[PDB]
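So you know, we letter chains A, B, ... as the sequences are listed, proteins then strands, and number each from 1. Just follow the structure's listing: the first ligand is 1, and inside any ligand the first atom is 1.
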Amino acid sequence: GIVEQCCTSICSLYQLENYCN
Amino acid sequence: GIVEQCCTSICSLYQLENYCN
Amino acid sequence: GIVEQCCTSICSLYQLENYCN
Amino acid sequence: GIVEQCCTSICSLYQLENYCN
Amino acid sequence: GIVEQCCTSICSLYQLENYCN
Amino acid sequence: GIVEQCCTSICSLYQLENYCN
Amino acid sequence: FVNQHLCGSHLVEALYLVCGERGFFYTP
Amino acid sequence: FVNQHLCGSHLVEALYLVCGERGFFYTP
Amino acid sequence: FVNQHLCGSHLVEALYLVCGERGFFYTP
Amino acid sequence: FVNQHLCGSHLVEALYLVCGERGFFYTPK
Amino acid sequence: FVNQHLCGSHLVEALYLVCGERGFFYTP
Amino acid sequence: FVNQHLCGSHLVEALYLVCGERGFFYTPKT
Ligand SMILES: Oc1cccc(O)c1
Ligand SMILES: Oc1cccc(O)c1
Ligand SMILES: Oc1cccc(O)c1
Ligand SMILES: Oc1cccc(O)c1
Ligand SMILES: Oc1cccc(O)c1
Ligand SMILES: Oc1cccc(O)c1
Ligand SMILES: [Cl-]
Ligand SMILES: [Cl-]
Ligand SMILES: [Zn+2]
Ligand SMILES: [Zn+2]
C-alpha cells in the first residue's frame, strides 16, 4: 500500500500520481 | 513576484517550478 | 460536496466524519 | 504530559480531548 | 483576542509571543 | 547544511535567521 | 480559486485526522 | 467564519514555534 | 505508530497538491 | 533527530481541531 | 484579512515539494 | 530519507515565519 511505498522511502511527486483518482 | 502570480489563481506545480533554484 | 459544504461553513470533526470510508 | 503520551503511540482524537480547555 | 488581533492584520513574532505562557 | 544541523537536533531562532535573505 | 485551494488543504488534513485507519476519498 | 478557522490553524503553528519551551494558550 | 501517522499527514498534503481537481483515495 | 518537536507540531494542529472554541493549553516538558 | 500571508505559507510548502534538492529562494 | 524530508517541510515553514518579509533561502544541500 501507500505507507509501504512512501513512508519507508521518499515518493517523488511523479510517483505520487499513481494514487490520484 | 510569486505572491502576486499565485495567490488569486492557482499556480500549478509546473508554474511553481519556475521559482526553483 | 465537501468543498461547497465545508469551505463556506466550518464543518466540525463530527460532520467531517461523513467523508470517511 | 502530552508529548509523553502521544509521541510514540497514536492518541485518538478522543484522548486528545483531555488537553482541551 | 488573538484571532481578532492577528487574523485581520499580520502579527509579528513579538506580537505572537504575547500568547506564550 | 540546514538538514544535517537542524534535523538531528533542534535549531535556535538565530540559527534559522542564517537563511533569511 | 486559491481560497478554495487553501481550504481543501486544511480539509484533507482534518479528514486524515478524523478518518484514522478508515481513510477517505477526496473528490472535489 | 472559515477564514478565521484557516487563520487560527496557522497561528497555532506559529505559536508553537515562537513559544518554544514555555508553551501557550490558544483561546479563539 | 506515530512516525507513520506524521508521514501520512504529509503524504495526504502532497497528494492533495499533485492530484488537483481529480482528487485521491487515501486508504492505509 | 528532532522527533518530539515535529510531533508537537502535529499535536497542536490536532488539538486546534479537536478543541474548537474551548481552545487548549500546550505546556510541553 | 491576512490572506496573502496564509497563501505564502502554502506556497512555500508547495515549492519545498516541487523544488526538491534544488531548493529555492522565497522572495516576497 | 523520509525523516529528513518531513523535517525539511517543517524547516521551510519555520523559515517562512522567522524571516518574515525578508524571505529566505532554502537549500537541503549538505
Ligand atoms: O514519500 C513521502 C512521504 C511523505 C510525504 C511526501 O511528500 C513523500
Ligand atoms: O497558487 C498557489 C497558492 C498556494 C498554494 C499552491 O499550491 C498554489
Ligand atoms: O470546514 C472546514 C474547512 C477546512 C478545515 C476544517 O477542519 C473544516
Ligand atoms: O499521537 C499523535 C501525535 C501527533 C498527532 C496526532 O493526532 C496524534
Ligand atoms: O497574524 C498571523 C496570522 C497567522 C499566522 C501568523 O504567523 C501571523
Ligand atoms: O531544528 C528544527 C527542525 C524543524 C523545525 C524547526 O523549527 C527547527
Ligand atoms: Cl489558509
Ligand atoms: Cl513530521
Ligand atoms: Zn492554510
Ligand atoms: Zn510533520
Side-chain angles (χ1 to χ4, degrees), chain A residues 6-7 10, chain B residues 7, chain C residues 7 10, chain D residues 6-8 10, chain E residues 1-20, chain F residues 3 6-7 10, chain G residues 2-14 16-17, chain H residues 2-19 24 26 28, chain I residues 1-14 16-17, chain J residues 1-14 16-17, chain K residues 1-14 16-17 28, chain L residues 1-21:
Chain A
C6 297
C7 290
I10 306 156
Chain B
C7 293
Chain C
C7 289
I10 300 161
Chain D
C6 296
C7 292
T8 69
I10 305 162
Chain E
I2 182 146
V3 162
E4 171 94 309
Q5 297 306 309
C6 289
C7 297
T8 61
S9 72
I10 307 166
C11 282
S12 59
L13 297 184
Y14 165 73
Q15 297 173 342
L16 295 162
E17 149 188 37
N18 177 65
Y19 310 88
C20 297
Chain F
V3 178
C6 308
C7 291
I10 200 188
Chain G
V2 160
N3 59 354
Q4 214 168 265
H5 188 65
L6 303 183
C7 173
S9 188
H10 294 259
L11 273 177
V12 149
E13 128 213 292
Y16 175 79
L17 293 169
Chain H
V2 161
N3 264 47
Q4 289 68 35
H5 182 81
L6 302 176
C7 176
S9 142
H10 285 283
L11 280 156
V12 311
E13 282 319 305
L15 297 181
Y16 176 79
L17 269 343
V18 154
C19 296
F24 69 90
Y26 186 71
Chain I
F1 315 108
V2 168
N3 70 340
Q4 188 164 321
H5 184 77
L6 306 194
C7 177
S9 156
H10 288 268
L11 271 180
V12 152
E13 177 181 39
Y16 176 80
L17 296 177
Chain J
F1 172 67
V2 294
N3 45 102
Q4 294 164 253
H5 183 77
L6 294 183
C7 179
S9 181
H10 292 261
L11 280 169
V12 307
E13 182 57 44
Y16 173 72
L17 290 171
Chain K
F1 191 32
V2 86
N3 287 352
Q4 78 211 249
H5 177 83
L6 299 176
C7 177
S9 159
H10 297 271
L11 275 170
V12 296
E13 187 49 50
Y16 175 67
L17 295 162
Chain L
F1 305 104
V2 161
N3 262 10
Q4 284 69 51
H5 184 75
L6 301 170
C7 179
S9 160
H10 297 264
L11 284 168
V12 153
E13 178 58 50
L15 290 182
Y16 183 75
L17 180 68
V18 168
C19 294
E21 286 315 85

Which atom pair, heavy atoms only, marks the closest approach of [X] to [Y]?
{"X": "E/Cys6", "Y": "H/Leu11", "result": "CB-CD2, 3.5 Å"}
{"X": "H/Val18", "Y": "E/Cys20", "result": "CG1-SG, 3.9 Å"}
{"X": "D/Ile10", "Y": "I/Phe1", "result": "CD1-O, 3.4 Å"}
{"X": "H/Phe24", "Y": "H/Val12", "result": "CZ-O, 4.0 Å"}
{"X": "K/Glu13", "Y": "I/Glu13", "result": "CG-OE2, 3.1 Å"}

Distance filter under 4.0 Å to [X] heavy atoms, resulting ligand 5 atoms:
{"X": "E/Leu16", "value": "7 (O)"}
{"X": "L/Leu17", "value": "7 (O)"}
{"X": "E/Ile10", "value": "1 (O)"}

Of the protein's non-hydrogen atoms, which lies at the shortest distance from atom 1 (O) of ligand 5, and what is that distance?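 Protein heavy atom at minimum distance: E/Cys6 O, 2.5 Å.
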Return the closest protein heavy atom for atom 4 (C) of ligand 5 as residue, atom name and distance. H/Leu11 CD2, 3.6 Å
Would H/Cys7 and E/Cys7 satisfy disulfide (SG to SG under 2.5 Å), going step by step from the backbone distance to the final call? CA-CA 6 Å; H/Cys7 176; E/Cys7 297; 2.1 Å; yes
Of the backbone atoms (N, CA, C, O) and the side-chain heavy atoms from C-beta on, which set of E/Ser9 has a member under 4.0 Å from an atom of ligand 5: side chain, backbone, both, or neither?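 For E/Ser9, the contact with ligand 5 is made by the backbone alone.
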Using a 4.0 Å heavy-atom cut-off, which part of H/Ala14 comes near ligand 5: side chain, backbone, both, or neither? side chain
H/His10 near the Zn ion (ligand 9): N/O/S under 2.8 Å: yes
Ring centroid separation for I/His10 and G/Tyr16, is it under 6.0 angstrom? no
Within the structure, does E/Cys11 bring an N/O atom to less than 3.5 angstrom of an N/O atom in ligand 5?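 Yes; at least one N/O pair falls below 3.5 Å.
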